[PDB]
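Trainee: coordinates only, sequence not included:
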Ligand SMILES: [Cl-]
């Protein structure tokens, strides 16, 4: 009946048992309430199904009904399913920042996302500041970074640089960050990373009516089309503000725009499973898109207020190693999970205890009204016989008058017990309400979560947005083109790395990137460009490709 599950976040493994009929949400909530995360909208639980495919957990469906690969324990990954549009403006809590930084760094380091050498190096220096704080030559000897995972394999395989050298180079830049908090180094990393061309892009293999091979790209900003040969530079794009309805039939996927003049944007997945995943991410990214176009909610403003307050609280409070910080954090999560589960079981017990009591009390309250209403009947019938026997002897009138009064004594006794039971019922309702509150204190508000697809064919209308909606890509510029310092550091790094670069080890994406840089392109320029024209124009462009 009861199942063991393991959930791995980027900074913790949590091992715990759940009930046989625990919903995806009940699992998800236990994960986040432990680590203290309230920005739930970005996140989900990946697993492997019996068919060996990566799958997200559905919140309002029993976990055992979702066909998680059968293991002991069940294996889950807590991961960001959706990225913010602008990290600097959006990420509120420290824990949400940490988990993104860790998930994105992992993508860069594992070569899921292309990151060029210069950026990789710069990013590494922010990474080490995040982990180890300020460089200090008194305490940090040479080879201090021996165990840190610094750069992507691509970037080391193509330069003639000893480990020792890479460490020194990254230490020089690390030194430039003295004074900067760990949280800021994490944010500064992401602020740099979010302008990478492959960042936040969910890719899928698709074909148009013309049967050309293409890549669809779904992100926080909209939909994008790439040629198979080039994932860094998208050729056509649609912002979320131009989309009205999404749906699929088997392998056919139909996108209907807001503009009624423009035709349906239609393409084909190689599999129905692909089209489901696409739809969910579309529904998901579109909804979060629209929230970003509206003012902050009450809960969001509270979070932000709280976040800023706890940031100053932690500043005052502020030494341990990195490996040991991680172990204590992992322990903290275990202790809170343990306490949480204990308190839940108590609250569940108290609730069922209060309910059963309430039920037994309401039966006894009817039993005391049935016994009272019987005494009232006997009183009324004793008065009727007494009035008729008095008219009709004086010894029987005393015997009847005494018994009538003694029945009133019994009514007074049972109205004192009824009075007691009343206050015991109302006390049970207090206990029930507190238990219920406690249980709900362990759930996350449902309205914070992104709406998820219900279930050969699914989909529907996307909620329209504000009447005053301005898509933010019009005004947006890369941190490099805005910040003179950043630009200069990449410029420096390009010069240093070039003097040990093995040109024979230049990957295909290296060539595409340099071409883009050479042509004055960047993530947002290219987005502005490929969105030009009306919805019809670009739906044509796609079909002709
Ligand atoms: Cl709720």
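Mentor: Received the coordinates, thanks. Numbering: from 1, shown residues only.

Trainee: residues contacting the nearest residue in space to residue 3 that is not next to it in sequence?
Mentor: Residue nearest to residue 3 in three dimensions, not counting chain neighbours: residue 18, with 5.6 Å by C-beta to C-beta, 6 or more residues apart in numbering. All C-beta spots, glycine's among them, are computed from the backbone N, C-alpha and C. Neighbouring residues of residue 18 by C-beta atoms under 8 Å, 6 or more residues apart in numbering: 2, 3, 5, 26, 27, 30, 63.

Trainee: cool, and residue 435?
Mentor: Here residue 435 is in contact with 347, 348, 350, 351, 354 (criterion: C-beta under 8 Å, 6+ apart).

Trainee: The helix or strand hosting it near the ion at all?
Mentor: Element membership for residue 435, per DSSP states H and E: helix 394-440. No: contact of helix 394-440 with the ion is not found when judged by C-beta under 5 Å from the ion; the minimum separation is 7.6 Å.

Trainee: helix or strand right after that helix?
Mentor: Next helix or strand after helix 394-440 toward the C-terminus (DSSP H and E): strand 457-461.

Trainee: among the contacts of residue 18, which two are most distant?
Mentor: 2 and 30 (14.0 Å; C-beta to C-beta).

Trainee: And the two? Which one has more around it.
Mentor: In this view residue 2 and residue 30 are compared by other C-beta atoms under 10 Å, and residue 30 has more residues nearby, 21 against 8.

Trainee: Helix or strand for the more buried one, just tell me which one.
Mentor: helix 24-35.

Trainee: And for residue 127?
Mentor: helix 117-132.

Trainee: now residue 351
Mentor: Judged by DSSP H and E, residue 351 forms part of helix 322-391.

Trainee: That helix vs helix 24-35, what angle?
Mentor: For helix 322-391 against helix 24-35, the angle by axes from the mean of the first three to the mean of the last three C-alpha atoms, to 10 degrees is 120 degrees.

Trainee: helices or strands up against helix 322-391?
Mentor: Identification of packing neighbours for helix 322-391 by 3 or more C-beta pairs under 8 Å, 6 or more residues apart in numbering; DSSP states H and E yields strand 13-18, helix 24-35, helix 394-440.

Trainee: would you turn the contacts of residue 18 into CSV with distance to residue 126?
Mentor: Formatted as CSV, the contacts of residue 18 follow (distance: C-beta to C-beta, whole Å):
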residue, distance to residue 126
2, 44
3, 40
5, 34
26, 37
27, 34
30, 32
63, 38
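
Trainee: Buried ones only from those, please, as a PyMOL command.
Mentor: Of those, the buried ones go into a single PyMOL selection, burial set by 16 or more other C-beta atoms under 10 Å:
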select buried, resi 3+5+26+27+30+63
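
Trainee: so what's the residue in the stretch 1-150 of the chain that the ion sits nearest to up against?
Mentor: Per C-beta to the ion, residue 25 is where the stretch 1-150 of the chain lies closest to the ion, at 10.1 Å. Neighbour list for residue 25: 59, 60, 443, 444, 446, 449 [criterion: C-beta under 8 Å, 6+ apart].

Trainee: Can you tell me which of those residues has the most neighbours?
Mentor: residue 59 (20 neighbours).

Trainee: helix/strand/coil for it?
Mentor: What DSSP: H, G, I helix; E, B strand; the rest coil gives for residue 59 is coil.

Trainee: Double-check it against residue 449; I have them as touching.
Mentor: Yes: Residue 59 is in contact with residue 449 according to C-beta atoms under 8 Å; the separation is 6.4 Å.

Trainee: How about the residue most central in space within the chain: what's its closest non-neighbour residue?
Mentor: Nearest to the mean C-alpha position of the chain, counting by C-alpha atoms, centre = their mean, stands residue 43 at 2.4 Å. Nearest residue to residue 43, sequence neighbours excluded (C-beta to C-beta, 6+ apart): residue 80, at 5.7 Å.

Trainee: Got phi/psi on the one you found?
Mentor: Per-residue torsions, residue 80: phi -70, psi 120 (degrees, to the nearest 10).

Trainee: how about it, what does it touch?
Mentor: 42, 43, 99, 100, 103.

Trainee: ok, now residue 357?
Mentor: 424, 428.

Trainee: Quick one: the contacts of residue 25 as CSV, columns for distance to residue 124 too.
Mentor: As requested, those are exported to CSV (distance: C-beta to C-beta, whole Å):
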residue, distance to residue 124
59, 37
60, 42
443, 40
444, 35
446, 40
449, 35
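
Trainee: out of these, which touch the ion?
Mentor: Answer for the contacts of residue 25 near the ion (C-beta under 5 Å from the ion): residue 446.

Trainee: With respect to residue 314, which of the contacts of residue 25 is nearest?
Mentor: Once C-beta to C-beta is applied, the member of the contacts of residue 25 that ends up nearest residue 314 is residue 444, at 23.3 Å.

Trainee: Now do the contacts for that closest one.
Mentor: 25, 28, 29, 32, 33, 38, 40.

Trainee: Quickly note the distance from the last one to residue 444.
Mentor: Same thing as residue 40. Separation of residue 40 from residue 444 (C-beta to C-beta, to the nearest Å): 5 Å.

Trainee: Give me the common contacts of these two.
Mentor: 28, 32.

Trainee: give the contact list for the residue in the stretch 201-350 of the chain positioned nearest to the ion.
Mentor: Per C-beta to the ion, residue 299 is where the stretch 201-350 of the chain lies closest to the ion, at 10.9 Å. By C-beta under 8 Å, 6+ apart, the contact list for residue 299 reads 38, 445, 448.

Trainee: does the residue lying closest to residue 236 once chain neighbours are set aside sit in a helix or strand, and which one?
Mentor: Leaving out its chain neighbours, the residue that sits closest to residue 236 by C-beta to C-beta, 6+ apart is residue 225, at 4.3 Å. Element membership for residue 225 (DSSP H and E) is strand 222-227.

Trainee: Whichever helix or strand comes after that strand - contacts with which helices or strands?
Mentor: Sequence-wise, the next helix or strand downstream of strand 222-227 (DSSP H and E) is strand 236-239. Under the contact definition 3+ C-beta pairs under 8 Å, 6+ apart, strand 236-239 sits against strand 222-227, helix 523-530, helix 535-544.
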